[PDB]
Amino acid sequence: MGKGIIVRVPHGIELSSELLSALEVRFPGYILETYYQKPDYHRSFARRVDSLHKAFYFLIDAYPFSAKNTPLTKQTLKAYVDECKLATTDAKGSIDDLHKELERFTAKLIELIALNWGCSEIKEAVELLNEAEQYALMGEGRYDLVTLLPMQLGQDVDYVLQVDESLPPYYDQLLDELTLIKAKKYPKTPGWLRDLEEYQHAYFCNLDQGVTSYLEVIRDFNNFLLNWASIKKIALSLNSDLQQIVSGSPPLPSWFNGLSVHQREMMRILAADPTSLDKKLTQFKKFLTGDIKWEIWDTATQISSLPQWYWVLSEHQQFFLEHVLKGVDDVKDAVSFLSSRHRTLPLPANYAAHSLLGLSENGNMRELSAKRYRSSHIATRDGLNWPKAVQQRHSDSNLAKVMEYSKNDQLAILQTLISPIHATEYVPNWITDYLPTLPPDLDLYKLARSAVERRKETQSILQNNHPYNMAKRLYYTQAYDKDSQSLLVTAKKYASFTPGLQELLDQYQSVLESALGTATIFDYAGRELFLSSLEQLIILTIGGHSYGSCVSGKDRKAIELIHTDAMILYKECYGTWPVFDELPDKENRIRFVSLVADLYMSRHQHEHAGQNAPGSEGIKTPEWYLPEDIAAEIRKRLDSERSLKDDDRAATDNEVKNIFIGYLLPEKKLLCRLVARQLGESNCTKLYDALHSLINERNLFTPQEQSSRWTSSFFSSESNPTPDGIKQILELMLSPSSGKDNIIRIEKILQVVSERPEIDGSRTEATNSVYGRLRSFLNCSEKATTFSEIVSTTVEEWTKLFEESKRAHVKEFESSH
């Protein structure tokens, strides 16, 4: 890996080779890329189309579909998808026109996926595409991103660089686990394992490798039951034993410690509800020797060889993982980078280090900030229904990876920008996309607290969370917030030997307190950005480790980075920090707003988000998180009331399901369209010509006159001789058609046939040959035989029916003479 570097450079500035050369030094191998003042939404559109196209290809190469679903070949699907993509090269217009073309192209893929993979629910087709794109992106790696803006703040600085360096998120344990997965040839989770209750899942996933057969499992569990009802005689008060276990804090009862790994983890789960503990035990004894045994006896002892995080993956994820792993010698190259949406593997997503550099005309670089580290929240929203143990392997492993550049003696912040909301308070609104479900923020909050607690021994970490959300009431950081106090208390210790710190502590105290007094109008959004920026500036001037996230790490976090960058640029230009308490009329606020707006409009952060899902280059909900005067300045600079809503539209496009937040063809129409295309011109023409002759011998289709079945003459076969399907196929053949045209005619004729009933004992030989053979192209055959071979047989059969009929009419015209 080490995939490369893109330096974005404003359109039409020329660069002295002294700068190009300083760039080579700091960013060896870099590629230049041009940007403009005005967002290019046509670019984001092509990127998204292209990425999803590649995601279809990943899907089809990685995930097997049963051959019984459809008679269509991979080659026919890929050609169809290629044509759908080529139809979007013309798309021109407003962001609205292009969003519609995107919605159309995406729906085409989803529908093709539901068809070829036989998805009962269209949403599974959505998830297949969405997740295939993520794994395609992991495999490909990520370019580091540098954005160059001309600005002068000092003699030294003529250019400002925003920098985000992608960071490998793997760690040794995971690499070892990935190696095992390949060596075992990518076993998939069997259904029986998925169906287990949490304690039983712990049993099998932690089973000691001394237990080598299903017979040894039964005995192991019975030996546990004896040893258990033994401990229930001898333990002094069971519950204070069990509540130390749920708590998990020593001193643990002695018997528990000496339980084998798997008995241990099974207890850990059962101890959380002692009332049903003994019931569940005798229910597992019963499970083991029950009907499951037929199915699990050869596989149950193989589970614990691979990690529990692997086994909870859906089956499609496992094939996706497999397909990326299969393409590298070094397993680390399969996992060099994870998209923000990709929270099913226990390593950090969207993990990067953000820094700010000044560059002078003669090519001297100066560091304007240290590295500030960013990632998706350490806890996974994707695993809230998984066992507690997997949920913690994610948070622990991610917390460790994200502290990797800290030192265990130096200060370290975990700054989260999320908004926990209980179910009793949650109103679906514009900030959360009208999600009908509870946002994960509250679960994520607690999961991160727990993780930092477990790491207390190794490293002490400052935790600050900044909510900013609307439901029944506004939610924001309180003046009296506890974690702010610990931060002030901890940071004051440093004031007397840290130059610059005191004025930041005064400011932070002041902004925190500014909430208590009331004007009628108050900039709560700005207060938040100032609170979050000052915390970072405090850590930075102290020299501690700067880390933070929002839920995805591309949105609120991007805003903090811009805001904090802007404060650093402001200090650098005018000699002091800008401050919260400033009237908007004033020259100081205007100058800060200019810097913020400049940084935001460079679109550096937007691009960084885009790399998570290309074509998704925007920021979530800017008009909620930005103060009014910054938002207004951006809006007016771009001359559009819409400009921040377009940013939010482009962000929302990262999830395939949300492409339909701002199409399917009828019952069998797609299958028929593609069956005709797979037949191709030559075959459709043979089928067409043979059918043309046969169908125009209209007598062959008239059934017998079946008196015993009819009561009203009006609905008799006498009055309605030709079956309607056949009448329709005449209707379709009434215009003359040649060549390419024949493919559409066959498409359409097959639409008719696909609606016909399967069995109807009153049909004539010819009606059954027309319907039956044509329908045979819409199913897969028993012994796999080519379309061309079925064409052969069908033409022969229809040609014979035509000839016999022709001869019998001419031998009843000899009856005449």
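Numbering starts at 1 and follows the sequence shown.
- Unmodelled stretch separating residue 187 from residue 188: none (count of deposited-sequence residues without coordinates).
- Between the stretches 496-504 and 271-279, it is 271-279 that shows the larger average CA temperature factor.
- Here the stretch with the larger average CA B-factor, out of 665-673 and 349-357, is 665-673.
- You'll see in the entry that, of 114, 79, 729, 489, the Cα B factor peaks at 489.
- In this entry, the residue among 573, 561, 136, 334 with the greatest C-alpha B factor is 573.
- Per-chain ranking of the deposited C-alpha B factor places residue 126 in the lowest third.
- The deposited CA B-factor of residue 764 belongs to the lowest third of values across its chain.
- In the PDB entry, residue 446 places in the middle third of its chain by CA B-factor.
- Among all modelled residues in its chain, residue 64 ranks in the highest third by Cα B-factor.
- In the deposited entry, the Cα temperature factor of residue 788 sits in the middle third of values across the chain's modelled residues.
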